[PDB]
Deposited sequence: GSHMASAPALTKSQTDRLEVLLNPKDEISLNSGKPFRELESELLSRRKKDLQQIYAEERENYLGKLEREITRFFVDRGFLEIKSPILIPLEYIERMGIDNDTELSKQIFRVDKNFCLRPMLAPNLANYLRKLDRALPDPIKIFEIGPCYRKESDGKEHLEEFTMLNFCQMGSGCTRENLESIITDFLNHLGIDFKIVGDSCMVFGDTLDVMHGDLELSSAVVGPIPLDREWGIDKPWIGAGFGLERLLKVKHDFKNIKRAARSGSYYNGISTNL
């Protein structure tokens, strides 16, 4: 008895990476569904009894402790930002990916512009070097893909003044991903906003783009010192850590809790 696409889709929702079950072994859909429902209810009950922290929240807290302890100031800046920031970032009419709000606002697609403003302002009060970071929601319209979400969570850390070299940027990235237990390589790439990037890759999955300044865009943001920075997607980190097949398992969602289907 062969499984329909709808039946396979339902079993895939209930399947977890740790399972090893053949979906098309010939066992009937009813028994495969019942087995997976039982495994997932047990998993959720164990979370509720013993491990009540959300994966995205817990990872944000772990990353926050890492950067605070290394001397970076924790920033929480607006998610709803002026639309004028988009063109000023060199996103010329990525631009199609912006969620607009009212007539003059949008949802931020990255943390960089708010962090650029903080670097400039804090440089008037704090000693060299200025080290800051932020973790929070960012928004992009995307085609359906196993590695993209329209609502995702970014970490960006950055530094301005002394110590803003490629070697120090790579060392921070290495210490960070070693702390999380994630292997990686660095490959060159390029993007419209920042130019050349050092992309942090786990296999074919891009975990981060990082940048060594200065870049021409600096003048438009009042940045006038060396700087380094890197942006990472937290859901991509979670996808690696938990071997999820689709990044949706990691997202803000009413459909998955810590990678377990909530449709039980």
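Undergrad: Counting from 1 along the deposited sequence, give me every gap where there's no C-alpha, start to finish.
TA: No C-alpha coordinates exist for 1 to 7, 101 to 103.
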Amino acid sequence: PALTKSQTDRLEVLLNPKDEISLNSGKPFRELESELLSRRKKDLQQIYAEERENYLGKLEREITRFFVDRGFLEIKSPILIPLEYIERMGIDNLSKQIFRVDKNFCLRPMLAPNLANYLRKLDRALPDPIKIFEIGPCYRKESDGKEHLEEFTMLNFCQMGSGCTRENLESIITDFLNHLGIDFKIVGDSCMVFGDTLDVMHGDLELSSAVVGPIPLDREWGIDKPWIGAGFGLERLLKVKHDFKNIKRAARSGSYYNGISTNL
From here on, numbers count along this sequence of modelled residues.
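Undergrad: Which is higher on mean Cα B factor in this entry, 97 to 105 or 174 to 182?
TA: Averaging CA B-factors over each stretch, the winner is 97 to 105.
Undergrad: Look up the CA B-factors in the entry and say which stretch, 147 to 155 or 160 to 168, has the higher mean.
TA: Averaging CA B-factors over each stretch, the winner is 160 to 168.
Undergrad: Can you pull the Cα B-factors for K27, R65, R52, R236 from the entry and say which is highest?
TA: The listed residue with the largest C-alpha B-factor is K27.
Undergrad: Per the entry, which of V187, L119, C138, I75 tops the list for Cα B factor?
TA: Of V187, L119, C138, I75, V187 has the highest C-alpha B-factor.
Undergrad: Which third of the chain does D243 land in by C-alpha B-factor: lowest, middle or highest?
TA: Middle third.
Undergrad: Among all modelled residues of this chain, ranked by Cα B factor, put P226 in the bottom, middle or top third, i.e. lowest, middle or highest.
TA: It falls in the middle third of the chain.
Undergrad: Could you look up the Cα B-factor of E33 in the entry and say which third of the chain it sits in: lowest, middle or highest?
TA: Ranked within chain, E33 CA B lands in the middle tercile.
Undergrad: Per the entry's values, where does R88 land by CA temperature factor relative to the rest of its chain, in the lowest, middle or highest third?
TA: For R88, whose C-alpha B-factor we compare with every modelled residue in the chain, the answer is the highest third.
Undergrad: Of the three thirds of its chain by CA temperature factor, lowest, middle or highest, which one includes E206?
TA: Within its chain, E206 is a middle-third residue by C-alpha B-factor, going by the deposited values.
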